[PDB]
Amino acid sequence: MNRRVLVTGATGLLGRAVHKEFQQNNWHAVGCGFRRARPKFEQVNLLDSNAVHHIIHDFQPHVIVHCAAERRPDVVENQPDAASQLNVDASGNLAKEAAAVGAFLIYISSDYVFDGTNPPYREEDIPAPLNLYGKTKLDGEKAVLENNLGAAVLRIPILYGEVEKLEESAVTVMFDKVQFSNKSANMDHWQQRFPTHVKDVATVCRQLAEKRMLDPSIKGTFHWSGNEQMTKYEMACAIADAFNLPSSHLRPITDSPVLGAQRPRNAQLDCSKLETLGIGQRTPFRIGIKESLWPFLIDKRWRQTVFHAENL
């Protein structure tokens, strides 16, 4: 489309895919990053209200896709006031600036706003976050929707895609456990997950934006999710199957974990609202994960002691 789009968090796992989607569909796509921004992207600290103000009013975007967030529970628990400032305050300020320029803001939220006791969750179901991250994401939605009426909230589950490091994604972190066949690996078989490709969420954003460019009623809360239900165990096995690797060493743990009280068992998102717009894309997990992980597939060759016990 002949429109301008600004993508916050363009250096991140989802942001990279959102920027690619828009750009490849001939939008004037401008991406934002921070530590990893330059040279590919704009270096804008979302915590600096003036920088945010200046790039938005200079670029004059039609759409703003807000991906930038603190999603790491290690940083959200250790630095709770820095997490709130980025996941809540920065989003709210972005909504104020989106409103001033007349830009359609898409706030990216999480399935972690729900307690995962009563799936599937419809957009207008009561959120009950069991962790501070979900609470910051929930308070982020409230901040966005308070300061910008026409904004949209897109709730999505566990993401995977082309990663810079295996730790960039909760699905991709377990690749090494699957590759070290000599050592038994304990894998969660309790929490129900819906692995979603960032490529597919990026399509949903572009489509939603493109719908809004013709229909002013495209606003509010939306849910997007992959339709393949999987536990971390089933995922680990699916990864093994994709690469034709053994999964005999992988042990399922059906029991609720120690931190299980702070994690939603099944926060399944009902996607009927978006499906009502004809919006959506679903890359089969076995295809998507193979695309994502093949560079990290260790070719032993000369590496005789690489799979050694005291190495990871």
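One-based numbering along the sequence shown.
- Note on 14 to 22 vs 295 to 303: mean CA B-factor is higher in 295 to 303.
- The mean Cα B-factor in the deposited entry runs higher for 237 to 245 than for the other of 166 to 174 and 237 to 245.
- When the C-alpha B-factors of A151, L130, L154, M213 are read from the PDB record, the largest value belongs to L130.
- The maximum CA B-factor among the listed residues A99, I108, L159, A83, taken from the PDB record, is found at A83.
- When the modelled residues of the chain are ordered by their C-alpha B factor, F180 lands in the highest third.
- Per the PDB record, residue ranking by Cα B-factor puts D200 in the lowest third of the chain.
- Residue-level temperature factors show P252 in the highest third of its chain, judged at the C-alpha atom.
- Ranked by C-alpha B-factor against the other modelled residues of its chain, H308 falls in the highest third.
- Compared with the other modelled residues of the chain, the Cα B-factor recorded for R122 ranks in the middle third.
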